[PDB]
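Structure data (CSV, C-alpha atoms and all ligand atoms) from data-v4.csv:
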chain,number,residue,atom,x,y,z
A,2,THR,CA,11.4,-43.7,-43.3
A,3,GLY,CA,13.1,-43.7,-39.8
A,4,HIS,CA,12.6,-40.4,-38.0
A,5,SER,CA,15.2,-38.9,-35.6
A,6,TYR,CA,15.4,-35.4,-34.1
A,7,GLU,CA,19.1,-35.5,-34.2
A,8,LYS,CA,19.3,-36.4,-37.9
A,9,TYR,CA,18.1,-34.8,-41.1
A,10,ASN,CA,15.0,-36.7,-42.3
A,11,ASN,CA,13.8,-36.9,-46.0
A,12,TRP,CA,10.4,-35.8,-46.9
A,13,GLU,CA,8.8,-39.3,-46.7
A,14,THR,CA,10.0,-39.5,-43.2
A,15,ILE,CA,8.9,-35.9,-42.3
A,16,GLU,CA,5.4,-36.4,-43.6
A,17,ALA,CA,5.1,-39.7,-41.7
A,18,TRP,CA,6.3,-37.9,-38.5
A,19,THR,CA,3.7,-35.2,-39.1
A,20,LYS,CA,1.0,-37.9,-39.1
A,21,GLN,CA,2.5,-39.8,-36.1
A,22,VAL,CA,3.2,-36.8,-33.9
A,23,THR,CA,-0.4,-35.6,-34.4
A,24,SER,CA,-1.9,-39.1,-33.7
A,25,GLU,CA,0.2,-39.2,-30.6
A,26,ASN,CA,-0.9,-35.8,-29.3
A,27,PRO,CA,-4.6,-35.2,-30.2
A,28,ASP,CA,-5.0,-32.9,-27.2
A,29,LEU,CA,-2.2,-30.6,-28.5
A,30,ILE,CA,-1.8,-31.0,-32.3
A,31,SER,CA,-4.0,-30.8,-35.3
A,32,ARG,CA,-2.5,-31.4,-38.8
A,33,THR,CA,-3.7,-29.7,-41.9
A,34,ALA,CA,-2.8,-29.4,-45.6
A,35,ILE,CA,-2.8,-25.8,-46.9
A,36,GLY,CA,-2.0,-26.5,-50.5
A,37,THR,CA,0.1,-28.6,-52.7
A,38,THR,CA,3.6,-28.1,-54.2
A,39,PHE,CA,4.3,-27.7,-57.9
A,40,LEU,CA,4.9,-31.5,-57.8
A,41,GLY,CA,2.0,-32.9,-55.9
A,42,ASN,CA,3.4,-32.9,-52.3
A,43,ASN,CA,1.0,-32.0,-49.5
A,44,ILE,CA,2.0,-28.7,-47.7
A,45,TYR,CA,1.3,-29.7,-44.0
A,46,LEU,CA,0.7,-27.3,-41.2
A,47,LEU,CA,0.6,-28.2,-37.6
A,48,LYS,CA,-1.6,-26.3,-35.2
A,49,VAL,CA,0.1,-26.7,-31.8
A,50,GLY,CA,-1.7,-25.6,-28.7
A,51,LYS,CA,-4.6,-26.4,-26.3
A,52,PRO,CA,-7.8,-26.0,-28.4
A,53,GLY,CA,-10.0,-23.2,-27.2
A,54,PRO,CA,-12.2,-20.4,-28.6
A,55,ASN,CA,-10.8,-17.4,-30.5
A,56,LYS,CA,-7.1,-17.8,-29.5
A,57,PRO,CA,-4.3,-15.7,-31.0
A,58,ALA,CA,-1.5,-17.4,-32.8
A,59,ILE,CA,2.2,-17.2,-33.8
A,60,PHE,CA,3.1,-18.6,-37.2
A,61,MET,CA,6.4,-20.3,-37.8
A,62,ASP,CA,7.6,-21.9,-41.0
A,63,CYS,CA,10.7,-23.8,-41.9
A,64,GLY,CA,12.0,-25.2,-45.2
A,65,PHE,CA,11.6,-22.1,-47.4
A,66,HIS,CA,15.0,-23.0,-48.9
A,67,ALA,CA,15.8,-26.5,-49.8
A,68,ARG,CA,19.5,-26.6,-48.7
A,69,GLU,CA,18.9,-25.0,-45.3
A,70,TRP,CA,18.4,-28.4,-43.6
A,71,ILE,CA,18.9,-27.0,-40.1
A,72,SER,CA,15.6,-25.1,-40.4
A,73,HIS,CA,13.7,-28.2,-41.3
A,74,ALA,CA,15.2,-29.9,-38.3
A,75,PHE,CA,14.3,-27.0,-36.0
A,76,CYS,CA,10.5,-27.1,-36.8
A,77,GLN,CA,10.5,-30.8,-35.8
A,78,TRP,CA,12.6,-30.2,-32.7
A,79,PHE,CA,10.2,-27.4,-31.7
A,80,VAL,CA,7.1,-29.6,-32.0
A,81,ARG,CA,8.5,-32.3,-29.7
A,82,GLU,CA,9.7,-29.8,-27.1
A,83,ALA,CA,6.3,-28.2,-27.1
A,84,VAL,CA,4.5,-31.5,-26.3
A,85,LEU,CA,7.0,-33.0,-23.8
A,86,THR,CA,7.2,-29.9,-21.7
A,87,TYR,CA,3.5,-28.8,-21.8
A,88,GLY,CA,2.3,-29.2,-18.2
A,89,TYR,CA,5.9,-29.3,-16.8
A,90,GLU,CA,7.5,-26.1,-18.0
A,91,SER,CA,5.4,-23.0,-17.0
A,92,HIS,CA,6.1,-20.9,-20.0
A,93,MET,CA,5.4,-23.5,-22.6
A,94,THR,CA,2.4,-24.6,-20.5
A,95,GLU,CA,1.1,-21.0,-20.6
A,96,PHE,CA,2.0,-20.5,-24.3
A,97,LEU,CA,0.0,-23.6,-25.5
A,98,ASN,CA,-2.9,-22.7,-23.2
A,99,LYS,CA,-3.1,-19.1,-24.4
A,100,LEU,CA,-2.1,-19.2,-28.1
A,101,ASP,CA,-1.9,-21.5,-31.1
A,102,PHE,CA,1.5,-22.1,-32.8
A,103,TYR,CA,1.2,-22.6,-36.5
A,104,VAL,CA,4.3,-24.7,-37.4
A,105,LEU,CA,4.8,-25.3,-41.1
A,106,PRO,CA,7.6,-28.1,-41.2
A,107,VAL,CA,8.6,-27.6,-44.9
A,108,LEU,CA,7.3,-25.1,-47.4
A,109,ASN,CA,9.5,-25.9,-50.3
A,110,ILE,CA,9.0,-29.7,-50.2
A,111,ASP,CA,9.9,-30.1,-53.9
A,112,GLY,CA,13.3,-28.4,-53.7
A,113,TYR,CA,13.9,-30.4,-50.4
A,114,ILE,CA,13.4,-33.7,-52.1
A,115,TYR,CA,15.8,-32.4,-54.8
A,116,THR,CA,18.6,-31.8,-52.2
A,117,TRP,CA,18.1,-35.4,-51.1
A,118,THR,CA,18.0,-36.9,-54.6
A,119,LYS,CA,20.2,-34.9,-57.0
A,120,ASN,CA,21.4,-31.6,-55.7
A,121,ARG,CA,22.2,-30.9,-52.0
A,122,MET,CA,22.8,-27.2,-52.7
A,123,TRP,CA,19.5,-26.6,-54.4
A,124,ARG,CA,17.6,-23.6,-53.0
A,125,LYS,CA,14.6,-22.6,-55.2
A,126,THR,CA,11.4,-24.5,-55.9
A,127,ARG,CA,11.2,-27.1,-58.6
A,128,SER,CA,8.8,-25.4,-61.0
A,129,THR,CA,8.9,-25.0,-64.7
A,130,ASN,CA,9.7,-21.7,-66.4
A,131,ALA,CA,8.3,-20.8,-69.8
A,132,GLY,CA,10.8,-20.2,-72.6
A,133,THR,CA,13.6,-21.9,-70.7
A,134,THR,CA,15.0,-25.2,-69.4
A,135,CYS,CA,15.9,-23.4,-66.2
A,136,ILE,CA,14.0,-24.6,-63.1
A,137,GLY,CA,13.0,-22.7,-60.0
A,138,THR,CA,11.8,-19.5,-58.4
A,139,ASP,CA,13.4,-18.3,-55.1
A,140,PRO,CA,10.5,-18.5,-52.7
A,141,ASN,CA,11.8,-15.7,-50.5
A,142,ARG,CA,11.7,-13.5,-53.6
A,143,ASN,CA,8.2,-14.3,-54.6
A,144,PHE,CA,6.1,-12.3,-52.1
A,145,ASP,CA,4.3,-9.0,-52.8
A,146,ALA,CA,6.8,-6.9,-50.9
A,147,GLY,CA,8.3,-4.4,-53.4
A,148,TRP,CA,8.4,-7.6,-55.5
A,149,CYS,CA,11.5,-8.1,-57.6
A,150,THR,CA,12.6,-4.5,-57.3
A,151,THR,CA,16.0,-5.2,-55.7
A,152,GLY,CA,18.1,-8.1,-54.7
A,153,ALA,CA,16.1,-10.4,-57.0
A,154,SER,CA,16.9,-11.5,-60.6
A,155,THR,CA,14.4,-11.5,-63.6
A,156,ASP,CA,16.2,-14.5,-65.1
A,157,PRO,CA,14.8,-18.0,-64.3
A,158,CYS,CA,18.3,-19.4,-64.5
A,159,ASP,CA,19.4,-17.4,-61.5
A,160,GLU,CA,19.3,-18.6,-57.9
A,161,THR,CA,17.3,-15.5,-56.9
A,162,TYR,CA,14.7,-15.6,-59.6
A,163,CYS,CA,11.7,-13.6,-58.3
A,164,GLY,CA,9.2,-15.7,-60.2
A,165,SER,CA,7.0,-14.7,-63.2
A,166,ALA,CA,5.0,-12.6,-60.7
A,167,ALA,CA,4.3,-12.4,-57.0
A,168,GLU,CA,2.8,-15.6,-55.6
A,169,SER,CA,3.4,-17.4,-58.9
A,170,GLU,CA,4.5,-20.4,-56.8
A,171,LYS,CA,1.8,-22.6,-55.4
A,172,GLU,CA,3.8,-22.8,-52.2
A,173,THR,CA,4.1,-19.0,-51.6
A,174,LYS,CA,0.5,-18.4,-52.8
A,175,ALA,CA,-0.6,-21.1,-50.4
A,176,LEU,CA,1.3,-19.6,-47.5
A,177,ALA,CA,0.0,-16.1,-48.4
A,178,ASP,CA,-3.6,-17.4,-48.7
A,179,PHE,CA,-3.4,-19.0,-45.2
A,180,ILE,CA,-1.9,-15.9,-43.6
A,181,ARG,CA,-4.5,-13.7,-45.3
A,182,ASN,CA,-7.3,-16.0,-44.1
A,183,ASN,CA,-6.1,-16.0,-40.4
A,184,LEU,CA,-4.7,-12.5,-40.2
A,185,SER,CA,-6.9,-11.7,-37.2
A,186,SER,CA,-5.3,-14.3,-34.9
A,187,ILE,CA,-1.8,-14.2,-36.2
A,188,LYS,CA,0.2,-11.9,-34.0
A,189,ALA,CA,3.8,-12.7,-35.1
A,190,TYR,CA,5.5,-14.2,-38.1
A,191,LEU,CA,8.7,-16.3,-37.6
A,192,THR,CA,10.5,-17.7,-40.7
A,193,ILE,CA,13.4,-20.1,-40.1
A,194,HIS,CA,16.5,-20.1,-42.3
A,195,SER,CA,20.3,-20.7,-42.2
A,196,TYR,CA,23.1,-19.7,-42.1
A,197,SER,CA,24.7,-16.6,-40.7
A,198,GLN,CA,23.5,-16.6,-37.0
A,199,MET,CA,21.2,-13.6,-37.2
A,200,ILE,CA,17.8,-12.4,-36.3
A,201,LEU,CA,16.4,-10.0,-38.9
A,202,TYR,CA,13.3,-7.8,-39.1
A,203,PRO,CA,11.7,-5.6,-41.7
A,204,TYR,CA,12.6,-4.1,-44.1
A,205,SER,CA,14.8,-5.8,-46.7
A,206,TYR,CA,13.0,-4.6,-49.8
A,207,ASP,CA,13.8,-1.1,-48.7
A,208,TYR,CA,16.0,1.0,-46.5
A,209,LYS,CA,13.1,2.5,-44.7
A,210,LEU,CA,12.5,1.2,-41.1
A,211,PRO,CA,9.2,-0.2,-39.7
A,212,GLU,CA,7.2,1.9,-37.2
A,213,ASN,CA,8.2,-0.3,-34.3
A,214,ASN,CA,11.8,-0.4,-35.4
A,215,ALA,CA,13.2,0.3,-32.0
A,216,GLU,CA,10.8,-2.1,-30.3
A,217,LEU,CA,11.8,-4.9,-32.7
A,218,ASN,CA,15.4,-4.0,-32.1
A,219,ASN,CA,15.1,-4.3,-28.4
A,220,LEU,CA,13.3,-7.6,-28.8
A,221,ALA,CA,15.8,-9.0,-31.4
A,222,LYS,CA,18.6,-7.8,-29.0
A,223,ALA,CA,17.0,-9.5,-26.0
A,224,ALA,CA,16.4,-12.7,-27.9
A,225,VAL,CA,20.0,-13.0,-29.1
A,226,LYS,CA,21.0,-12.5,-25.5
A,227,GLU,CA,18.9,-15.4,-24.5
A,228,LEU,CA,20.2,-17.8,-27.2
A,229,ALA,CA,23.8,-17.0,-26.2
A,230,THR,CA,23.4,-18.2,-22.6
A,231,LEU,CA,23.4,-21.9,-23.5
A,232,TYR,CA,26.7,-22.2,-25.5
A,233,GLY,CA,27.9,-18.6,-26.2
A,234,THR,CA,26.6,-18.5,-29.8
A,235,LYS,CA,26.8,-15.0,-31.2
A,236,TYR,CA,24.0,-13.7,-33.4
A,237,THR,CA,23.7,-10.3,-35.0
A,238,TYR,CA,20.3,-8.7,-35.6
A,239,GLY,CA,18.7,-5.7,-37.3
A,240,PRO,CA,16.7,-4.6,-40.3
A,241,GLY,CA,17.4,-6.8,-43.4
A,242,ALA,CA,18.6,-4.2,-45.9
A,243,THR,CA,21.3,-3.0,-43.6
A,244,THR,CA,22.0,-6.1,-41.7
A,245,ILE,CA,22.2,-8.5,-44.6
A,246,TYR,CA,21.0,-7.0,-47.9
A,247,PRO,CA,18.3,-5.3,-49.8
A,248,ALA,CA,16.1,-8.0,-51.4
A,249,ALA,CA,12.6,-7.7,-52.5
A,250,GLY,CA,9.8,-10.2,-52.2
A,251,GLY,CA,10.6,-11.5,-48.8
A,252,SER,CA,7.9,-13.1,-46.7
A,253,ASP,CA,9.0,-11.4,-43.5
A,254,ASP,CA,8.4,-7.9,-45.1
A,255,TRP,CA,5.1,-9.0,-46.6
A,256,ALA,CA,3.7,-10.4,-43.4
A,257,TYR,CA,4.7,-7.2,-41.6
A,258,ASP,CA,2.9,-5.2,-44.3
A,259,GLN,CA,-0.2,-7.3,-43.7
A,260,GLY,CA,-0.2,-5.8,-40.2
A,261,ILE,CA,1.8,-8.5,-38.3
A,262,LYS,CA,4.0,-6.3,-36.2
A,263,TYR,CA,6.4,-8.9,-34.9
A,264,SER,CA,8.0,-10.4,-38.0
A,265,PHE,CA,11.4,-12.1,-37.8
A,266,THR,CA,13.8,-14.0,-40.2
A,267,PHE,CA,16.1,-16.4,-38.3
A,268,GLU,CA,19.4,-17.4,-39.8
A,269,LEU,CA,20.7,-20.3,-37.7
A,270,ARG,CA,24.2,-21.8,-37.4
A,271,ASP,CA,26.8,-21.6,-39.1
A,272,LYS,CA,28.7,-18.4,-39.8
A,273,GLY,CA,30.3,-20.2,-42.7
A,274,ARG,CA,32.6,-23.1,-41.6
A,275,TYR,CA,30.0,-25.7,-42.6
A,276,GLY,CA,27.4,-23.3,-44.0
A,277,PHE,CA,24.4,-25.1,-45.4
A,278,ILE,CA,26.0,-28.5,-44.7
A,279,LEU,CA,25.8,-28.2,-40.9
A,280,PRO,CA,26.8,-31.5,-39.3
A,281,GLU,CA,23.9,-33.5,-37.7
A,282,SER,CA,26.2,-33.5,-34.6
A,283,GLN,CA,25.1,-29.8,-34.2
A,284,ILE,CA,21.4,-30.3,-34.6
A,285,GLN,CA,20.7,-30.6,-30.8
A,286,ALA,CA,22.8,-27.7,-29.7
A,287,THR,CA,21.5,-25.5,-32.5
A,288,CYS,CA,17.9,-26.4,-31.8
A,289,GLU,CA,18.3,-25.9,-28.0
A,290,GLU,CA,19.7,-22.4,-28.2
A,291,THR,CA,17.2,-21.4,-30.9
A,292,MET,CA,14.4,-22.6,-28.7
A,293,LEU,CA,15.3,-20.0,-26.0
A,294,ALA,CA,15.1,-17.2,-28.6
A,295,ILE,CA,11.7,-18.3,-30.1
A,296,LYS,CA,10.3,-18.8,-26.6
A,297,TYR,CA,11.7,-15.4,-25.6
A,298,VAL,CA,9.9,-13.8,-28.5
A,299,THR,CA,6.7,-15.8,-27.8
A,300,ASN,CA,6.6,-14.6,-24.2
A,301,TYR,CA,7.0,-11.0,-25.3
A,302,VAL,CA,4.3,-11.2,-27.9
A,303,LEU,CA,2.1,-13.0,-25.5
A,304,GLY,CA,2.5,-10.5,-22.7
A,305,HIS,CA,1.9,-7.7,-25.2
A,306,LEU,CA,-1.6,-8.7,-26.2
B,401,LIG,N1,13.2,-10.0,-47.2
B,401,LIG,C1,14.3,-10.7,-47.1
B,401,LIG,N2,15.1,-10.9,-48.1
B,401,LIG,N3,14.6,-11.2,-45.9
B,401,LIG,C2,15.6,-12.0,-45.5
B,401,LIG,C3,16.2,-11.7,-44.3
B,401,LIG,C4,17.3,-12.5,-43.9
B,401,LIG,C5,17.8,-13.6,-44.7
B,401,LIG,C6,17.2,-13.9,-45.9
B,401,LIG,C7,17.7,-15.0,-46.7
B,401,LIG,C8,17.4,-16.4,-46.0
B,401,LIG,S1,18.3,-17.6,-46.9
B,401,LIG,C9,17.1,-15.0,-48.1
B,401,LIG,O1,15.9,-15.2,-48.3
B,401,LIG,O2,17.9,-14.9,-49.1
B,401,LIG,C10,16.1,-13.1,-46.3
B,402,ZN,ZN,16.7,-19.2,-46.6

Let's see the structure in the file written out as structure tokens.
Amino acid sequence: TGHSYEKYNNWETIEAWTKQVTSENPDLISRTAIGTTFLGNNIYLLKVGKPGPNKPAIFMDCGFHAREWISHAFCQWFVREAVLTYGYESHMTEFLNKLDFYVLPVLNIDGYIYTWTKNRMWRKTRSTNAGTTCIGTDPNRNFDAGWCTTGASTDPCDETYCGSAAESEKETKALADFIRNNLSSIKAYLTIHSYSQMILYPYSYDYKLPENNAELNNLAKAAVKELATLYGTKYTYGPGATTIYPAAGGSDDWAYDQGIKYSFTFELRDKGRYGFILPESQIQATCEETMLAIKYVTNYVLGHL
């Protein structure tokens, strides 16, 4: 163990922190398991906010992809910032009073442990595939959004394997189940990744645009403007297919298709110099600037209820 917000923490440490951060803030945090990974790890979810009746929520997950360590770190950073500024910073104070932040620290816990124990560049889950020795399904290719129709491979040996079927992975099915069971309160979906420095919105499984395309563009545009204030970090934004690439089975598209109108995929630092191996020395600056974008989007969603 040995948790730090300016260092990448292994799963043993992250799970301990989830337990500790909750015990330390009973007034603002409630911890919950929403399923288990292929290998027996508990998929924790933290409900951040001042408890109240029938509050709306914003759902944020991190750790979809094992090697994207900066995203895991961001979920942790966010949790601390939320509790230390509550009551001192008016926006965060109003956010926690009005809505609940569902923060899922790590979805792909199994693959995360693998980047720590054997392969730093692992991406997919660690599940078994019939008829092959090849391990893993790409979790952001396993959702029911034009599933496996483009930008996904049907071969288990490929890094973008779409799974045997949609929600084949316990992790994705568990995330999907949760979102389906709380659809009523969940107003926005935020999924944290790296790298590329981008804010994306639906659709990636198709070149069609969402109904609120222009609204999402204005918002993604405003958010990137916020993030840039701190250290001049430049992000690009736009619909997935044209901004990054057509890829089916993404959770952002899926959530949008559930009715969640504000759905964004965040690609954090770098642009490629360090890529997935972003120095721990950049954790704070990265998390700081990203906080401004997330809070910007939260304030918009909130003031649009
Ligand atoms: N539906 C999508 N494919 N969305 C999507 C948008 C931006 C980045 C990605 C990456 C994140 S590593 C990825 O999952 O490969 C996916
Ligand atoms: Zn990713």

All residues having an atom within 9 Å of ligand LIG 401 (chain B) (all atoms listed in the file) as JSON, numbers by chain
{"A": [65, 66, 69, 124, 139, 140, 141, 142, 144, 146, 152, 153, 161, 192, 193, 194, 195, 196, 197, 199, 200, 201, 202, 203, 204, 205, 206, 240, 241, 242, 244, 245, 246, 247, 248, 249, 250, 251, 252, 253, 254, 255, 265, 266, 267, 268]}

Can you spit out the residues from that selection as a CSV table (one decimal), in the frame of the given file, using C-alpha atoms?
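Output file out.csv is given in full below:
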chain,number,residue,atom,x,y,z
A,65,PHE,CA,11.6,-22.1,-47.4
A,66,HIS,CA,15.0,-23.0,-48.9
A,69,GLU,CA,18.9,-25.0,-45.3
A,124,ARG,CA,17.6,-23.6,-53.0
A,139,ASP,CA,13.4,-18.3,-55.1
A,140,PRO,CA,10.5,-18.5,-52.7
A,141,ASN,CA,11.8,-15.7,-50.5
A,142,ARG,CA,11.7,-13.5,-53.6
A,144,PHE,CA,6.1,-12.3,-52.1
A,146,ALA,CA,6.8,-6.9,-50.9
A,152,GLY,CA,18.1,-8.1,-54.7
A,153,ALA,CA,16.1,-10.4,-57.0
A,161,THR,CA,17.3,-15.5,-56.9
A,192,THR,CA,10.5,-17.7,-40.7
A,193,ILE,CA,13.4,-20.1,-40.1
A,194,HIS,CA,16.5,-20.1,-42.3
A,195,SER,CA,20.3,-20.7,-42.2
A,196,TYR,CA,23.1,-19.7,-42.1
A,197,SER,CA,24.7,-16.6,-40.7
A,199,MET,CA,21.2,-13.6,-37.2
A,200,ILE,CA,17.8,-12.4,-36.3
A,201,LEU,CA,16.4,-10.0,-38.9
A,202,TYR,CA,13.3,-7.8,-39.1
A,203,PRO,CA,11.7,-5.6,-41.7
A,204,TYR,CA,12.6,-4.1,-44.1
A,205,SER,CA,14.8,-5.8,-46.7
A,206,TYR,CA,13.0,-4.6,-49.8
A,240,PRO,CA,16.7,-4.6,-40.3
A,241,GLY,CA,17.4,-6.8,-43.4
A,242,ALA,CA,18.6,-4.2,-45.9
A,244,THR,CA,22.0,-6.1,-41.7
A,245,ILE,CA,22.2,-8.5,-44.6
A,246,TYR,CA,21.0,-7.0,-47.9
A,247,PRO,CA,18.3,-5.3,-49.8
A,248,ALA,CA,16.1,-8.0,-51.4
A,249,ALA,CA,12.6,-7.7,-52.5
A,250,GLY,CA,9.8,-10.2,-52.2
A,251,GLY,CA,10.6,-11.5,-48.8
A,252,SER,CA,7.9,-13.1,-46.7
A,253,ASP,CA,9.0,-11.4,-43.5
A,254,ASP,CA,8.4,-7.9,-45.1
A,255,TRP,CA,5.1,-9.0,-46.6
A,265,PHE,CA,11.4,-12.1,-37.8
A,266,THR,CA,13.8,-14.0,-40.2
A,267,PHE,CA,16.1,-16.4,-38.3
A,268,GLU,CA,19.4,-17.4,-39.8

Taken to one decimal, the CA of residue 28 (chain A)-CA of residue 98 (chain A) distance is 11.2 Å

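Non-sequential neighbours of region 56-61 of chain A (distance at most 6 Å, separation of 6 or more positions within a chain, all atoms listed in the file) are residues 100, 101, 102, 103, 104, 186, 187, 188, 189, 190, 191 and 192 of chain A.
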
Kindly indicate which residue among A:114, A:29, A:63, A:74 lies nearest to ligand ZN 402 (chain B), using all atoms listed in the file for the distances.
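When distances to ligand ZN 402 (chain B) are compared using all atoms listed in the file, the smallest one comes from A:63.
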
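Between CA of residue 7 (chain A) and CA of residue 270 (chain A) the separation is 15.0 Å.
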
Between CA of residue 198 (chain A) and CA of residue 235 (chain A), what is the distance in Å, rounded to a tenth?
6.9 Å

Find the spatial neighbours of residue 38 (chain A), counting only C-alpha atoms, within a cut-off of 10 Å - ignore same-chain residues fewer than 6 positions away - and output them as a list in words.
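Once the adjacent positions are removed, what remains is residues 44, 108, 109, 110, 111, 112, 126, 127, 128, 170, 171, 172, 173 and 175 of chain A.
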
Counting only C-alpha atoms and all ligand atoms, the option among A:302, A:76, A:97, A:269 closest to ligand ZN 402 (chain B)
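Selected residue with least distance to ligand ZN 402 (chain B): A:269.
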